[PDB]
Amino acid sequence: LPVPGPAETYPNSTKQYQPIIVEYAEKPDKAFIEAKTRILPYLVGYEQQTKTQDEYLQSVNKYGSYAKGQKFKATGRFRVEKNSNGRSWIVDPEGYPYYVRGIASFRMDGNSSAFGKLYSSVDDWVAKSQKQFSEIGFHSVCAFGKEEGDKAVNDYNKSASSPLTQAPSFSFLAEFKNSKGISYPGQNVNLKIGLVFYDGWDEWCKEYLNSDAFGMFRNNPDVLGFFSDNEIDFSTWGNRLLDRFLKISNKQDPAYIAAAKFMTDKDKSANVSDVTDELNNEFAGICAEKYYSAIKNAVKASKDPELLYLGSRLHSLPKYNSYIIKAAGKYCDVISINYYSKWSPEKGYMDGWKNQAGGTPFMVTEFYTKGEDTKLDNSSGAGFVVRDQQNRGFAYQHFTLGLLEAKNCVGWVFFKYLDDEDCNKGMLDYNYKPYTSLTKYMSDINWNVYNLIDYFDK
């Protein structure tokens, strides 16, 4: 480990740490900067409690929930709770607190020759992976499995005694568009959220929840919950949502109609000149309200009202819009947030999320860094570049410690299972080989989340 500097108070915390420096670049061809970083060995007043894989596995149940402390009422299904000190938890079917530690994109999308040498079947792949992941303190796979990955895990969990819990991702807005035989508003996919104003949105959601798309997931205790979309544009850099809706050419478009109505309702002119960031943000919130409420109401009306709705994986500017967070807190069981472009979780914003959402928790559905040591292209994706796998480990510790302090965060998902052929996004390389330097540092956090929480909350 690098030698650290003098103890100092971590920003927005009561706890001290001895900082190290980790270099990072925003893209592989850019200059690296030096970032003060908090790692687990250098937390003042904490010493790593769970030190081996066996110690860890003896402390948790088959879901990865802490088995030796507090538990809550069991309902036979994953659900959301809050403890007396204002911390939210996902609770497992037996009532035990499950701190979410997931892996995204669990699918067989590496080198096929490597796959064949390492795994003898799809079942073997799931089984070996469930064990591999549990040893590192990951227990769930979340999003982007596609049909084959989702079915593989679903089939495995039906017969296995030790599940790999799953959280499938869907594309509700696209599916609605396809069901109705229409185009995106303004012929622009980036305006797809405007589909919530089209005739039949609420009803279509009800039907979709009751359809075969949910057949393997409904009433299935090994399903953590579902995501309805990913990174919906609710305003982007350089383009506000409300401005773009008002500029839709076809003024018969329900999205235009709704935007113009909103303006008129606020005693304003239905023109781009009257639009402010506040108005834009509020309008985006109305869109979010119509989106999330339709989906939550669809779950409640469905054949499985106990399936958790984990949101739409907010990102970019939308995750900072208090109006969208307010909407998501009213309807989502857990608000999902993809968390990019920051070295440190922003505790002021996370505290804002707590208030805005009415106490409904959030989860981080994607975060990572890439290692320059791989020598891969490394240009695709928003994760920062660090020098090597050890520093990916340090970045994982820094980011996750930041999240552990947020009492409204119920956990996270590392993006992702495998590298791309040309980018170090994975916990495993493209030949299905774990980056052991990374997984060591991941394990040290993941095994200790419950006692770290105790340390932060005491």
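When you see a residue number, it is the position in the sequence shown, counting from 1.
* To do: Could you check the entry and say whether 155-163 or 357-365 has the higher mean CA B-factor?
  => Stretch with the greater average CA B-factor: 155-163.
* Return whichever of 325-333 and 100-108 has the greater mean Cα B factor according to the PDB record. => If you average the C-alpha B-factors of 325-333 and of 100-108, the larger mean comes out for 325-333.
* **Selection by C-alpha B-factor (highest) of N239, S169, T374, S344** => Comparing C-alpha B-factors across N239, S169, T374, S344, the top value belongs to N239.
* Specify which of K296, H315, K128, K268 carries the largest Cα B factor in the deposited PDB entry. => Answer for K296, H315, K128, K268: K268, with the highest C-alpha B-factor.
* To do: Divide the modelled residues of the chain into thirds by Cα B-factor and specify which third, lowest, middle or highest, holds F176.
  => Its C-alpha B-factor, which the entry lists for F176, ranks in the middle third among residues of this chain.
* For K146, return the chain-relative third of its C-alpha B-factor as stated in the PDB record: lowest, middle or highest. => Middle third.
* **Entry-reported Cα temperature factor of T37, expressed as the chain third it lands in** => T37: CA B-factor falls in the middle third of its chain.
* Looking at the C-alpha B-factor of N12, is it in the lowest, middle or highest third of its chain? -> Tercile = highest for this residue's CA B-factor.
* To do: Tell me, lowest, middle or highest third: where does the Cα B factor of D429 rank within its chain?
  => Within its chain, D429 is a lowest-third residue by C-alpha B-factor, going by the deposited values.
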